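>
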Amino acid sequence: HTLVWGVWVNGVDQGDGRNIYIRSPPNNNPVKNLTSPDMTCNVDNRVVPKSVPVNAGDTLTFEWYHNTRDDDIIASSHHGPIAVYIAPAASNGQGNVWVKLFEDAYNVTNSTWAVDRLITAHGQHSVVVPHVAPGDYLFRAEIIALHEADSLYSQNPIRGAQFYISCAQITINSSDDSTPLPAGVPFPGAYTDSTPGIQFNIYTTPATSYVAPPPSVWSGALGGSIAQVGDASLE
Ligand SMILES: OC[C@H]1O[C@@H](O[C@H]2[C@H](O)[C@@H](O)[C@H](O[C@H]3[C@H](O)[C@@H](O)[C@H](O)O[C@@H]3CO)O[C@@H]2CO)[C@H](O)[C@@H](O)[C@@H]1O
Ligand SMILES: OC[C@H]1O[C@@H](O[C@H]2[C@H](O)[C@@H](O)[C@H](O)O[C@@H]2CO)[C@H](O)[C@@H](O)[C@@H]1O
Ligand SMILES: [Cl-]
Ligand SMILES: [Cl-]
Ligand SMILES: [Cu+2]
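Just so you know, the sequence shown maps onto residues 622 to 856 in this note's numbering.
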């Protein structure tokens, strides 16, 4: 159970974005039905009044929290990967539009899941804004908690992979468009019961064998991190 509080741009806090520039759901419960319309941008996908201005090459940091800002972030049980996707905003996240900018699943070097590192990072993970066409975008940050993913939700709706999905409205102002955004995948639709990384038993299957759900990270993506970029406690 986790939500996005807001974003930072080049280490500058853009302030509380909930229901303002984040398409916030009413609560931190997960989405679990892979064919749900809720897979796009969680259960309350609608235009919110603001979009955060960025330029190509800016560091864009998502900040998650559990109950209050800069708390436990997400229950430690919720091991799993983190991904960020981008789609043009006029799509409203519909159709073949979502392009993956970031993936971090299990780090063999550190012996930690992305979620484990997200907690240590006070809920902060970042991407480099890509060199796409100037305009309005949705950045879809997705945490998959795998602690009940040994079952398919479609088998047993009390369990399944858990999707914590948050869509931020971002406006890309200055961009040379050196990497035009291609068509991408649909949500719902990209993940199915047979997709690698959706059904996974973390109790019996080593995390060294985990394969995150496709799609692969786009060739235009410039990278990211899971690391504290801003200190919320200084405000
Ligand atoms: O035993 C089932 C699994 O429970 C996980 O804890 C979650 C609880 O089941 C869930 O009810 C609770 O939901 C809270 C939420 O955390 C809180 O922010 C909100 O204000 O109220 C909700 C309703 O009470 O969330 C926790 C996760 O934080 C365990 O983490 C898991 O190990 C266990 O298998
Ligand atoms: O960040 C580690 C993460 O990498 C995943 O592979 C990506 C990589 O992140 C990205 O830089 C490159 O552009 O594409 C590949 C393929 O999608 C990998 O799938 C994860 O297991 C790993 O934790
Ligand atoms: Cl939970
Ligand atoms: Cl959310
Ligand atoms: Cu939870």
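Positions of the beta carbon are idealized from the N, C-alpha and C atoms, including for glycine.
So residue 824 and residue 651 are in contact, right, with Cβ under 8 Å, and what is the actual spacing, rounded?
On the sequence shown, position 203 is the one that residue 824 refers to. On the sequence shown, position 30 is the one that residue 651 refers to. Actually they are not in contact, since the Cβ atoms of residue 824 and residue 651 sit about 19 Å apart, beyond 8 Å.
> Would you list, in sequence order, the uninterrupted beta strand (DSSP E) runs of no fewer than 3 residues that lie entirely inside the stretch 761-847?
Runs of the beta strand (DSSP E) inside the stretch 761-847: 783-793 and 845-847.
> If you reduce the DSSP assignment to three classes, tell me which class residue 735 lands in.
Translated into positions along the sequence shown, residue 735 becomes position 114. If DSSP states are grouped into helix, strand and coil, residue 735 belongs with the helices.
> Any heavy atom of ligand 3 inside 7 Å of the beta-carbon of residue 622?
Position 1 of the sequence shown, counted from the start, is the residue given in the question as residue 622. Yes, the Cβ of residue 622 comes within 7 Å of a heavy atom of ligand 3.
> Would you say the beta carbon of residue 824 is closer than 7 Å to some non-hydrogen atom of ligand 4?
Here the question's residue 824 lines up with position 203 in the sequence shown. Because no heavy atom of ligand 4 lies under 7 Å away, the Cβ of residue 824 does not count as near it: no.
> Between the stretch 831-842 and the stretch 682-692, do at least 3 Cβ pairs fall closer than 8 Å?
no
> Considering only heavy atoms of ligand 2, list every residue whose Cβ is less than 5 Å from one of them, following chain order.
724, 725, 726, 833, 837 and 838
> Does ligand 1 have a heavy atom nearer than 7 Å to the CB of residue 787?
By one-based count along the sequence shown, residue 787 stands at place 166. Every heavy atom of ligand 1 is 7 Å or more from the Cβ of residue 787, so no.
> Is the number of C-beta pairs between the stretch 744-755 and the stretch 766-774 that are closer than 8 Å three or more?
no
> So residue 855 packs on residue 709, CB below 8 Å; how close in whole Å?
Reading the sequence shown from its first residue, position 234 is the one you call residue 855. Reading the sequence shown from its first residue, position 88 is the one you call residue 709. Not confirmed; about 35 Å, so no contact.
> Count the other CB atoms, across all protein chains shown, that sit within 10 Å of the CB of residue 757; report buried if there are 16 or more and exposed otherwise.
Here residue 757 corresponds to residue number 136 of the sequence shown, with the count starting at 1. Per the 10 Å Cβ criterion, exposed.
> Please find out if some non-hydrogen atom of ligand 3 comes closer than 7 Å to the beta-carbon of residue 783.
Walking along the sequence shown from the start, residue 783 turns up at place 162. Relative to the non-hydrogen atoms of ligand 3, the Cβ of residue 783 comes within a distance shorter than 7 Å of at least one.
> With distances taken between CB atoms, is the gap from residue 645 to residue 665 smaller than 8 Å?
Residue mapping note: residue 645 aligns to position 24 of the sequence shown, counting from 1. Residue mapping note: residue 665 aligns to position 44 of the sequence shown, counting from 1. Yes. Within cutoff.
> In this structure, how does DSSP classify residue 634 when only helix, strand and coil are distinguished?
The residue labelled residue 634 in the question sits at position 13 within the sequence shown. It is a strand residue.
> Can you tell me which residues form a DSSP beta bridge with residue 746?
Your numbering for residue 746 matches position 125 in the sequence shown. The partner list for residue 746 (beta bridge, DSSP) reads 683 and 847.
> Output yes or no for whether 8 Å exceeds the beta carbon distance between residue 661 and residue 808.
In the sequence shown, residue 661 corresponds to position 40, counting from 1. In the sequence shown, residue 808 corresponds to position 187, counting from 1. Contact flag set, yes.
> Looking only at C-alpha atoms, which of 726, 707 and 732 sits nearest to residue 720?
Locating residue 720 in the sequence shown gives position 99, counting from the first residue. With distances taken between Cα atoms, residue 720 lies closest to 707.
> Within 10 Å of its beta-carbon, does residue 779 have 16 or more other beta-carbons around it, so buried, or fewer, so exposed?
The sequence position of residue 779 within the sequence shown is 158, counting from 1. By the neighbour-count criterion, in which a residue is buried when 16 or more other Cβ atoms sit within 10 angstroms of its Cβ, residue 779 is exposed.
> For residue 844, collect the residues of the same chain with a Cβ closer than 6 Å to its Cβ; drop the 5 residues on either side in sequence, then sort them by chain order.
Residue 844 sits at position 223 when you count from the first residue of the sequence shown. Counting only Cβ-Cβ distances below 6 Å, and skipping sequence neighbours, we find 749.
> Out of curiosity, what's the CA-to-CA distance linking residue 635 and residue 797?
Sequence index remark: in the sequence shown, residue 635 carries index 14 (1-based). Sequence index remark: in the sequence shown, residue 797 carries index 176 (1-based). Rounded to whole angstroms, residue 635 to residue 797 spans 24 Å at the Cα level.
> Does the Cβ of residue 705 lie closer than 7 Å to at least one heavy atom of ligand 4?
Residue 705 sits at position 84 when you count from the first residue of the sequence shown. No, Cβ of residue 705 sits at least 7 Å from all heavy atoms of ligand 4.
> Would a C-beta distance cut-off of 8 Å place residue 725 and residue 700 closer than the cut-off?
For the purposes of this step, residue 725 is taken as the residue at position 104 of the sequence shown. For the purposes of this step, residue 700 is taken as the residue at position 79 of the sequence shown. Cβ distance not < 8 Å, so residue 725 and residue 700 don't count as in contact.
> Which residues does DSSP list as the beta-bridge partners of residue 714?
Taking the sequence shown and counting its residues from 1, one reaches residue 714 at position 93. DSSP, once it has assigned bridges, lists no residue as partnering residue 714.
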